[PDB]
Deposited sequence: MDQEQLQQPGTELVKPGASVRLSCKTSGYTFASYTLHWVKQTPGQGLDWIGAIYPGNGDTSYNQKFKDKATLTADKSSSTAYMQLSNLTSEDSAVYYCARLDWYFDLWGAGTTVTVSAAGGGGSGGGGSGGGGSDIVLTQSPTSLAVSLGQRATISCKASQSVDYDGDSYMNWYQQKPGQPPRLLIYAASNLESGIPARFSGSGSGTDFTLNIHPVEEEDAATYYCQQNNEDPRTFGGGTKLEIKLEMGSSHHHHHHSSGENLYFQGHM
C-alpha cells in the first residue's frame, strides 16, 4: 500500500533549523512530484513548494523561498524539508502529499512547535464553522478572487480532514466525487463560486473541509470550515 510516513512532533527552539522527513513506500518514489503544505488554525493550508524526486528539481511558493529547502534521497525513498531560522510563526502542522487529484496521497503531518517560554488567488470559505444535526444538510461556500476555470473544467478540489486523520481528497474539479466517498456529498459551481453540500449528515462527517485551486501557481487553499454534529 502506498504510504507517506512523517514523524508526529518536533519540539524546537526559536532560531534553530529543523529537518522534517517524509518516508515513502508502495510506489516508485522517483516518478511522482511531492508537495509540502503548512496548516494553521487561522490560515488554513498554505502550499510551500514541491520537488520532483527523480532529479531533485524544486519549485517554491515565493512566500516560503527562504524558509524552506526541499531535498530528496532516492536511496531511502525519503523526501525532506528543512525549515530554517525558526520563529513562532513557523509553529504549525506540515504535510507532505501528492496533490494532483488523480494521485491524491497525504502523510499524517508533523507538528512543529517552536517553543520558548520567554495576485495569488484567494479562496474564502463561508461559514468557517458550523454545527449541523444528524440527518440535516451542511452547505459550505468557497469563493475565489479570480476564475479557476480552464477549458470548461474547474481546477478546484475539496479536501476533508476527519479528527486525528490525514486530509484526503473529497471532490475533484468542482463536482466529481473521489472514489470511495459516499453519495451524500456533492459539489457544484464554476468560475469563482463553488459549493459543497452534505445531506443527510452523519457523525462520520464531522471534519474540517478545505477548498483548493490549482489553476494558477501557487496552488492556494481556503482557510477551512470545521463541521461538528449539533447534538439534539
Subject >> Regions left out of the model, expressed as runs of the deposited sequence counted from 1 >> reply: 1-2, 121-133, 248-269
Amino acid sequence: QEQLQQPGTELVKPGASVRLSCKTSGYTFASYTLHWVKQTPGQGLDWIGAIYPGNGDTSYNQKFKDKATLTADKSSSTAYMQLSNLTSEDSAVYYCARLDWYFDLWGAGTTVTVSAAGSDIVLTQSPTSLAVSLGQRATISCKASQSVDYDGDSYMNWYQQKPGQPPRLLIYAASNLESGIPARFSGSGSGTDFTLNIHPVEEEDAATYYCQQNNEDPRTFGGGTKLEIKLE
From here on, numbers count along this sequence of modelled residues.
**OP:** Relative to the other modelled residues of the same chain, rank the CA B-factor of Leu231 and answer lowest, middle or highest third.
**Re:** highest
Subject >> Chain thirds of CA B-factor: placement of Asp57 >> reply: highest
**OP:** Going by the recorded CA B-factors, say which third of the chain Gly26 sits in, lowest, middle or highest.
**Re:** highest
Original post:
Once the chain's modelled residues are ordered by C-alpha B factor and cut into thirds, is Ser190 in the lowest, middle or highest one?
Top reply: highest
Subject >> B-factor third for the C-alpha atom of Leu169 within its chain >> reply: lowest
